[PDB]
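Here's a solo chain for you in structure tokens, the form deposited in one PDB entry.
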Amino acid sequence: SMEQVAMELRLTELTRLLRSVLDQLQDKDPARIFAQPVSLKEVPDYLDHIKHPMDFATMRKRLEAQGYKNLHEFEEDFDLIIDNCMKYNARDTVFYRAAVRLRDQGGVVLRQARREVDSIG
């Protein structure tokens, strides 16, 4: 149906916007602390601590399969990256501090993405 096609075009346009949002967020992590999944080889206890691991590579895989239906979904995954880190790591660590800076800086980006996703529909 043409209605199905049109919905698919909206999903594609969302995916384009989310790809640029994701690049912008990841630039706020120049140390690449959140680039890849936490390794279970190197933190074998991780899943006892953190129930839903998340990282930028995993988000990118989801995005390229057009797996985010809306910005809420995408923000949920971004928040997991930050929130997981601030629970697993202590306040006085380079990891926790990188999460705080990513949150603060990413908040600016997401504030306008929300307007762009609404605005362009």
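The numbering used is simple: start at 1 and walk along the sequence shown.
Across the two stretches, 37 to 45 and 55 to 63, the PDB entry reports the greater mean Cα temperature factor for 37 to 45. Note on 78 to 86 vs 65 to 73: mean CA B-factor is higher in 65 to 73. In this PDB entry, the Cα temperature factor of residue 98 sits in the bottom third of its chain's modelled residues, the lowest group.
If you look for the form deposited with a small molecule bound, you will not find it shown, but the lines that follow are about it.
The closest non-hydrogen atom of residue 32 lies within 4.5 Å of the small molecule in the bound PDB entry. Looking at residue 38, you'd find a heavy atom of it within 4.5 angstroms of the small molecule in the bound PDB entry.
Contact annotation for residue 88: at least one heavy atom lies within 4.5 Å of the small molecule in the bound PDB entry.
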